[PDB]
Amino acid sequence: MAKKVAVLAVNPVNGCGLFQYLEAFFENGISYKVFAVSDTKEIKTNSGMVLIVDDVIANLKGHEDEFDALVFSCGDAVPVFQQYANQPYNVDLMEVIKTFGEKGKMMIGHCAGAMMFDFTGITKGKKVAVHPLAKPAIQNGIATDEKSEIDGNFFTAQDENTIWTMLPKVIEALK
């Protein structure tokens, strides 16, 4: 019955968005493990702070059944995602997202998180919140202009500044 959350942090990752999830989980006693979307668990933030997380994204593949939810913390790695699309960690990212979406896991994200989910196709026929610049990239999903969208098991926010509009409902759904 005990839930488990897999948190995905890109490199670099928006620290404000990330530690809104993590500090909320810790204070509510929600278990979580943070995975780096890179070849090392030592990442940076957009602000420049060096951050050493729990593990890498490669060690998440095959362990999707051990978690009940997935969190995509957006960052400045996304505006250059297309350049590094063929990077090992960026390939593992789409695979992890795809598997979690098929298991029916709780999909959580913000900013460009909806687009990364939509690149797979798990957001088909689902209301999602996404950054105004990543909105025309939403093909399978149904992008809205709302600060946050909760449809089925998809919990998305427009950016890191509108996470507060959905975070309590995310918390009460986990523990």
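One-based numbering along the sequence shown.
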Quick note on 3 to 11 and 166 to 174: per-entry mean CA temperature factor is higher in 166 to 174
The stretch whose C-alpha atoms carry the larger average B-factor in the entry, 70 to 78 or 93 to 101, is 93 to 101
In terms of CA temperature factor as recorded, identify the highest of 50, 133, 108, 111. 133
The largest CA temperature factor among 31, 45, 148, 123 is found at 31
Going by the entry, which third of its chain does the Cα temperature factor of residue 58 land in? highest
